[PDB]
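Dropping a structure here in structure tokens format, bear with me for questions.
Each answer follows from the model by the rule given with it, or from the source it names; these are not laboratory values. Cβ placement follows ideal geometry from the backbone for every residue including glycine, while neighbour counts extend to all protein chains displayed.
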Amino acid sequence: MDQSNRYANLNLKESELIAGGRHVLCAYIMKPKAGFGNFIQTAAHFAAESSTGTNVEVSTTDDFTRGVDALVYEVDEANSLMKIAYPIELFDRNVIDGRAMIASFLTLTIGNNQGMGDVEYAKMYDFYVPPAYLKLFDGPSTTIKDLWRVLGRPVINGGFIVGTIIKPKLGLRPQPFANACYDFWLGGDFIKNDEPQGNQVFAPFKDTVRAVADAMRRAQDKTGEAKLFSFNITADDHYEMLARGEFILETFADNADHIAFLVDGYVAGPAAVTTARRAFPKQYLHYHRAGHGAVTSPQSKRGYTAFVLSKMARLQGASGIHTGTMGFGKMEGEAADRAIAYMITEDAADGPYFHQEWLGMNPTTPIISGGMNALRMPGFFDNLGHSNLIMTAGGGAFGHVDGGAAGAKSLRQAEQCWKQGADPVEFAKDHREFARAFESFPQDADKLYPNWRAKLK
Amino acid sequence: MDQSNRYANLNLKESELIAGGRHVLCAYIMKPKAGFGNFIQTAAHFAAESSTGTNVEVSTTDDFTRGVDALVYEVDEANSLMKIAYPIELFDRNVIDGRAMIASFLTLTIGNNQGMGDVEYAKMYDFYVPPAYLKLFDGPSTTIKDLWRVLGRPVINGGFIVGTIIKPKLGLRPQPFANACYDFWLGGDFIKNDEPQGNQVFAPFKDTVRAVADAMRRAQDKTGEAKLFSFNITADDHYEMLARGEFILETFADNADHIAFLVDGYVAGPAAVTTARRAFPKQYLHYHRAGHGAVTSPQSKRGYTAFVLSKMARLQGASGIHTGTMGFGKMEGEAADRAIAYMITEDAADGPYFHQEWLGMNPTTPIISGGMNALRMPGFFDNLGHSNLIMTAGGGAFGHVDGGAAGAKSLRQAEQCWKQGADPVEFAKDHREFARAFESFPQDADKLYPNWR
Amino acid sequence: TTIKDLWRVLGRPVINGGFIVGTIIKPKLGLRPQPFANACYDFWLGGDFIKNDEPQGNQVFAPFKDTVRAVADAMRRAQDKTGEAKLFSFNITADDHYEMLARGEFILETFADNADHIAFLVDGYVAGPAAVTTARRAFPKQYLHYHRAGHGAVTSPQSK
Ligand SMILES: [Mg+2]
Ligand SMILES: [Mg+2]
């Protein structure tokens, strides 16, 4: 059956839908399967499956139902574009506090529509949230501002947070793990657990947390500077997440405000993110997106983009989220992903299809991770336009010839170099640790700074 | 960094890895990106990223780390096949109870490896869980057995549970919603909330729950048979899920054991599933997989298959999960998906790559939903081989010419027809409601039963 | 939570959103639930914000649950008539931490889609820092209205 009469209204104007403030708008790149309806027919069916409908007419359908139908308001078949308007009354709300839930947004806008037999593929590229729905989201409670304050930096434009991941990803016992933390902290600010690190049998959670707490205390006493750690508290069980978080804060004691909580938000889901967000609003919530590539990759024609994911994470209340290296590291990414960073940090920003006003909702920090080092940094910062962010370089720090501490300093210096607009090769002459990064990663040094060896050694 | 020397050992035998009981095994269909390492090099890097490694050598790496490395033990480049052995010590365990978590399995085996710059794509098709790891998973607490007991059916081979979804998907107010439930329940057993139904402003949760409870009481008094409802308790907030669940059970009272709890497990995640599983172990946990098609579709070359999803759901403790219509309904699916059902229901079963022993872990029910009706059912049951399952037909029930109750009866009769081995067209002469399904869905009747007129 | 969050609910700009027109329903105590709610509705036809008077709560003549429900109905009616959002600041003060939680939780569930229109008033000087923190930590997303009743015993310039 053809449902385009009911679920398509191409005469609706996007500007009026936005001005009305009663509709969530979603922009998809969609292709119908061969042998079914045309583009508008398939889009109308997509809208029906994503709101009030099904594949057949039902006797229960009355007047009221029609008013909450999702509507295809714009199509561009040549570019495979479909835009759908979802009345805000469709989205589920908490009984306990009347607030919105991202689970409902996902269920309607990217749920059953992903398994439709007449659709080859459909991927969400952007969404618009009006004030009436936006204000019902948690939003971030803790921001980079709170990390800057702990570090003794200015709370506005406090700058670059030098970070790392203790490698190996898994395998280090509690004390060796803690010793590596101490070493890095002599030169750097921030350490994160690698995504799967927790309570493995060879590195029990409580032993590791205690050793790291001792290492932080020692590093702070030596350097006279505050240090930060992001612990993985991810679990299937809500109560396990609470047990981990509570143990950490009590253990760190006077250093409890130096602690972020990492959550594997993509694989554990929105429920895990919210547990951390609502139980620990005063602790920086570090959304780790491990597994997101299954849908967000440009190779994928389904689900949603990294842009959409990041925008949702801000609404969920992530204090920071991994935005990728934007083509400058080892993982998949593009230079145009800078727009992701601005969507999560600014009060107003443009997506690929919709302009978004955040109405003073707190920003989410871009966390930069994956195959970065001191040499690759100036190019990254040039593309982005700022260094108010966290960057974690595991290999870039501990792979430095002179070790972790020196590795941390080369990262520090690389951003200092970028900030003062200096030539990296010339800058390196007067900055040892940064100059030693060229020798640590020669392949990168030859590609990025072709004639470095002649000038430097 | 060529990391094949450390993270690849093709001389390891799969049979010995299984016999040892110390490794989770994963089977992936993978393709390297052009311009990087070869197949084995890329697989080794994949294994490193999925366990102990990174893209560069690090000074901190000691010899203990080497013992917990994931290892590529088998490759078949021509068929894009890569098999990896993950030592069970890698997987995270609860501090509170020492039990396993699926979140850790997912993070290692299908996490950061999905964003690697040197991999075009990689999708998991099967996994093997040894006894030492398997026994640490929750597993299902409630099964179809418990639903059969409530219905007054035999607890062994209690048969087909006739179900539906109250359509429209959203839009019905509490009393009209409840009236439709009552109507269906005159002929059927089971009703589920549609995946997004909850506490919308036009149909508040508490008003709807109360109206449905009244409708169940009325339908049970009229028919003299027990009726079942599966309520959506999904939420981002753990405490919201608890509030919904607790309210429902207190409201239904003496009918509280007639209630299943539906969780949008794919979009809300494992954390939401576990909340329901651990807080309400005595209530049938209905895993709704909405959104799964983003990765599970054969069109997708990434993430994991529907088979893998279903197998994980059993470990998580789903009492039932949607397995799709196996090519017989409106959604994407294939006849070979019958193997999904057997993996979730049997104590021993074969996946596409690994044989799995469940060690007496409870079964997860196959829930059949999406564009089904009485006409499409006999073909579905023939392919599967049994009718010990729940089937929900929204359009197939309320789209019936005579209405919901008659729609329910046509579904009942369609399974009776299959069970007896009768010809659907001839069976329909003696069974009105089933015969009226041909008239209700003529397009389907013409394809499946050409000369029905 | 700040005034920014109240401005957002009112549909005002989040920067310099301006003046929030408020009142206290007088008499301070004595109004039964429905007369109390009727007075709220009346004021809300022209104003934004209503606060409980400091001692208003669960008096025997105006039970807490009956009053909260009547006010919720009055807010809904006033918003439907005016087409503008309305705000209420409820007194949740108690000696018992769990009483404060019971009151707060009841209010938010009752107001439902209007739960972000609710502030929580605490008699912070007389009940003390412990009461303030209960509200602050249990309900961080609800505007915390510190009522200072009794402060004059020390803060007055007459006091040395
Ligand atoms: Mg990592
Ligand atoms: Mg459905």
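List every residue pair whose Cβ atoms lie under 7 Å apart, where the two residues are 6 or more positions apart in sequence or sit on different chains, the first residue falls within the range A:107-134 and is without any contact (Cβ under 8 Å) to a residue 40 or more places away in the chain, and the second residue, located anywhere, is part of a strand (DSSP E or B).
Final answer for the pair search is A:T107/B:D264; A:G115/B:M331.
Among the candidates A:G152, A:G171, which residue alone is more than 16 Å from ligand 2 (Cβ to nearest atom) and either crowded, with 24+ Cβ neighbours inside 10 Å or within 11 Å of chain B (Cβ to nearest Cβ) (or both)?
Among A:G152, A:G171, only A:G171 is more than 16 Å from ligand 2 (Cβ to nearest atom) and either crowded, with 24+ Cβ neighbours inside 10 Å or within 11 Å of chain B (Cβ to nearest Cβ) (or both).
Take the conditions away from ligand 2 (no atom under 16 Å from the Cβ), touching a residue at least 40 places away in the same chain (Cβ under 8 Å), crowded, with 24+ Cβ neighbours inside 10 Å and within 30 Å of A:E16 (Cα to Cα) and apply them to A:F184. Does it pass?
When the stated conditions are applied, A:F184 does not pass them.
Out of all the residues in the range A:417-424, is one or more among the charged types (D, E, K, R), assigned to a loop (DSSP other than H, G, I, E, B) and more than 16 Å from ligand 1 (Cβ to nearest atom)?
yes
Just checking, how many residues over the range B:254-273 are without any contact (Cβ under 8 Å) to a residue 40 or more places away in the chain, part of a helix (DSSP H, G or I) and more than 13 Å from chain A (Cβ to nearest Cβ)?
Looking only at that region, the number is 2.
Check the range B:40-57 and report whether any residue there is of a type in the set (D, E, K, R) and surrounded by fewer than 16 Cβ atoms within 10 Å (Cβ to Cβ).
Checking the range B:40-57: at least one residue is of a type in the set (D, E, K, R) and surrounded by fewer than 16 Cβ atoms within 10 Å (Cβ to Cβ).
Next up: Count, please, the residues in the range B:89-116 that happen to be buried (at least 21 other Cβ atoms within 10 Å of the Cβ) and in a helix (DSSP H, G or I).
Residues flagged as buried (at least 21 other Cβ atoms within 10 Å of the Cβ) and in a helix (DSSP H, G or I) within the range B:89-116 amount to 14.
Still on this structure: Checking the structure you have, find out if any residue of the range B:379-391 is buried (at least 20 other Cβ atoms within 10 Å of the Cβ), within 14 Å of chain A (Cβ to nearest Cβ) and touching a helix residue (DSSP H, G or I) at 6+ places or on another chain (Cβ under 7 Å).
no
Residues to consider are A:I144, A:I156; find the one that is closer than 17 Å to A:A318 by Cα, aliphatic (A, V, I, L, M) and not assigned by CATH to the domain that holds A:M30.
A:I144
Now for a separate question. Only one of (1) touching a strand residue (DSSP E or B) at 6+ places or on another chain (Cβ under 6 Å); (2) of a type in the set (K, R); (3) surrounded by fewer than 21 Cβ atoms within 10 Å (Cβ to Cβ) fails for B:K83. Which number is that?
Only one criterion is unmet by B:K83, namely (3).
Next question, about the same structure. I'd like to know if the range B:367-389 contains one or more residues that are of a type in the set (F, W, Y), more than 16 Å from ligand 1 (Cβ to nearest atom) and within 28 Å of B:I156 (Cβ to Cβ).
yes
Out of curiosity, is B:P424 within 16 Å of ligand 2 (Cβ to nearest atom) and more than 14 Å from every other protein chain (Cβ to nearest Cβ)?
No.
Could I ask something else about it? Give me the pairs: first residue in the range B:40-68 and more than 7 Å from every other protein chain (Cβ to nearest Cβ) and more than 20 Å from A:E195 (Cβ to Cβ), second residue of a type in the set (S, T, Y) and assigned to a helix (DSSP H, G or I), beta-carbon distance under 7 Å, and six or more apart or on different chains, which are they?
B:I40/B:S4; B:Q41/B:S4
If the requirement is being more than 10 Å from every other protein chain (Cβ to nearest Cβ) and either basic (K, R) or within 16 Å of ligand 1 (Cβ to nearest atom) (or both), which of these qualifies: B:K192, B:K206?
Only one candidate passes the filter, namely B:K192.
Counting only residues that are under 16 Å from A:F231 (Cβ atoms) and within 16 Å of ligand 1 (Cβ to nearest atom), which one in the range A:281-295 is nearest to the other protein chains (Cβ to nearest Cβ)?
That would be A:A290.
Next up: Which one is surrounded by the fewest Cβ atoms within 10 Å (Cβ to Cβ), of the residues in the range A:323-332 that are within 13 Å of the chain's Cα centre (by Cα) and of a type outside the set (V, I, T)?
Filtering the range A:323-332 for residues that are within 13 Å of the chain's Cα centre (by Cα) and of a type outside the set (V, I, T), the one surrounded by the fewest Cβ atoms within 10 Å (Cβ to Cβ) comes out as A:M326.
Of all residues in the range B:189-199, which are within 16 Å of ligand 2 (Cβ to nearest atom) and not basic (K, R)?
B:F190, B:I191, B:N193, B:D194, B:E195, B:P196, B:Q197, B:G198
Tell me, which strands (runs of 3 or more DSSP E) lie completely within the range B:297-409 with 1 or more residues that are out of contact with any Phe, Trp or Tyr (no Cβ under 6 Å at 6 or more places or on another chain) and either in contact (Cβ under 8 Å) with a residue 24 or more places away in the chain or within 16 Å of ligand 2 (Cβ to nearest atom) (or both)?
B:320-322, B:355-357, B:365-369, B:390-392
Within the range A:69-96, restricting attention to residues that are facing chain B (nearest Cβ under 10 Å) and hydrophobic (A, V, I, L, M, F, W, C), which residue is farthest from B:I233 (Cα to Cα)?
Looking at residues that are facing chain B (nearest Cβ under 10 Å) and hydrophobic (A, V, I, L, M, F, W, C), I get A:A70.
Scan the range B:105-144 for residues that are touching a helix residue (DSSP H, G or I) at 6+ places or on another chain (Cβ under 8 Å) and within 16 Å of ligand 1 (Cβ to nearest atom) and jot them down.
Of everything in the range B:105-144, those that are touching a helix residue (DSSP H, G or I) at 6+ places or on another chain (Cβ under 8 Å) and within 16 Å of ligand 1 (Cβ to nearest atom) turn out to be B:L106, B:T107, B:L108, B:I110, B:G111, B:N112, B:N113, B:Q114, B:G115, B:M116, B:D118, B:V119.
Which residues, counting only those in the range A:407-434, are of a type in the set (G, A, S) and surrounded by fewer than 23 Cβ atoms within 10 Å (Cβ to Cβ)?
Correct list: A:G421, A:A422.
Let me ask something else. Go through the range B:274-296 and give me each residue that's in a helix (DSSP H, G or I) and surrounded by 24 or more Cβ atoms within 10 Å (Cβ to Cβ).
B:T274, B:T275, B:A276, B:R277, B:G293, B:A294, B:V295, B:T296, listed by residue number.
Scan the range B:432-453 for residues that are in a helix (DSSP H, G or I) and not charged (D, E, K, R) and jot them down.
Scanning the range B:432-453 gives B:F434, B:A435, B:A437, B:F438, B:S440, B:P442, B:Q443, B:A445, B:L448.
Listed residues A:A219, A:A253; which is more than 30 Å from A:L106 (Cβ to Cβ), in contact with a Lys or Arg (Cβ under 7 Å, 6 or more places away or on another chain), assigned by CATH to the domain that holds A:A408 and away from ligand 1 (no atom under 16 Å from the Cβ)?
Going through A:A219, A:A253 in turn, just one is more than 30 Å from A:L106 (Cβ to Cβ), in contact with a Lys or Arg (Cβ under 7 Å, 6 or more places away or on another chain), assigned by CATH to the domain that holds A:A408 and away from ligand 1 (no atom under 16 Å from the Cβ): A:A219.
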